[PDB]
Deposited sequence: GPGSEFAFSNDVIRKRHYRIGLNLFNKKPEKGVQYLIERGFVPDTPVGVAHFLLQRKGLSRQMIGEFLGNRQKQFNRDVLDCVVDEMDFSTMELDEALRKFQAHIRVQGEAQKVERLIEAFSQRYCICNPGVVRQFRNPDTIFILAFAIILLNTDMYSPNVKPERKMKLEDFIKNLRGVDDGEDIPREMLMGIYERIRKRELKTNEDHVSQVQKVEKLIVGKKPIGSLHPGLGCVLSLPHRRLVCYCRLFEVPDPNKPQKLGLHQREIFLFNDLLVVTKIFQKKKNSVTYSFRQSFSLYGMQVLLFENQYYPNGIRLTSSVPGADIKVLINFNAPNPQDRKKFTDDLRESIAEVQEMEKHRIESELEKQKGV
């Protein structure tokens, strides 16, 4: 009769719904609806996407930009109705819209997002609209602003090929049913974009991308990190300093084999400090959490031991790596986080097995 208590299991399933959204948005919102985390209405989902952390803004855009599905279309309508663009310049309004939603990728999805954005801008600014011979000029100009922002800031458009102010103006010549958009309107837009690239708000994917940069360094026909870290569903869980233990049955010097551990919701990454001045890391190994188990050990040589094993159904049992934590509190915190993430991944895969064994 009352709200569900947010215990460990309920919180876990909520995070699973977010994971599923960030992998397959339509399946994520179905999972979140059917468990009562979000109302079964376009407006309930719209406000969820705008308000709740843990959602990839890339994937929000892919969901909202779907022109074929009625539910997605109705959600996008409610999303823009929640925004007030009143008395803003069109590019200022668009900046506010794309701060919430990544407006990039497939051209059909970008067009769909800009269409809803533009219809809302027109509703909010009837006086601006009346200045034009055709209200669709607003939509064409909003699309041109997206194009301009990419042109101005995308390395794949060489500076000699980039649009200068007059290129931007002339490319829009005659679009208002044969008339020009007022020159000074285009000039203010161009200069505001030149002063400030349109940027989407950060999300958990942003933060994983910052970790990638700490591990790579400063690089090119081969940029980045071999290990693909920053997938849309992957989020940082915790960072931990531990000492690798090649052989728990023999002693080793204090401070040897120091590791900087990055635990994500579905991946454990082992690094070693590279340089410090502020810190950069060398990638060593990653481990999937599926089938992983976390053992504590204490013996005459290691008071705060951790052993990670791999026990995949149908496979044999394998030791992955051993650590010794600096202190018992650190071991408790890390192994508790790790066990929780393993439990989450296990439900994910469990959910995916039932999915396939019924489709």
item: Non-modelled portions of the deposited polymer sequence, in sequence order; value: 1 to 4, 224 to 226, 285 to 286, 369 to 372
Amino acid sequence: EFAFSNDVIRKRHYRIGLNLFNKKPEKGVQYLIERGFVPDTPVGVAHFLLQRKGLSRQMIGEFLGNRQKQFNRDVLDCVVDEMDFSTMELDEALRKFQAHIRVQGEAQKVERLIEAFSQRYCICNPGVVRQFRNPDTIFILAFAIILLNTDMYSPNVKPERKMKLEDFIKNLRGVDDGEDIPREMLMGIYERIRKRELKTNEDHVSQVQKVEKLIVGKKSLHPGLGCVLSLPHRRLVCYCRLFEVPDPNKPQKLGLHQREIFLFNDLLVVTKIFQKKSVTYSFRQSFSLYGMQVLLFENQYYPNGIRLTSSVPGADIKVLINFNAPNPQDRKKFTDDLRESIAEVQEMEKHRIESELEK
From here on, numbers count along this sequence of modelled residues.
query: 16 to 24 set against 343 to 351, stretch whose average Cα temperature factor tops the other in the entry; finding: 343 to 351
query: Stretch exceeding the other in mean C-alpha B-factor - 72 to 80, 160 to 168; finding: 160 to 168
query: Options 278, 230, 118, 149 - largest CA temperature factor per the record; finding: 278
query: For residue 266, the third of its chain into which the C-alpha B factor falls; finding: lowest
query: Within-chain third of residue 301 by Cα B-factor, per the entry; finding: middle
query: Relative C-alpha B-factor of residue 62, binned into the chain's lowest, middle or highest third; finding: lowest
query: For residue 310, the third of its chain into which the C-alpha B factor falls; finding: highest
query: Modelled-residue ranking by C-alpha temperature factor, third containing residue 29; finding: lowest
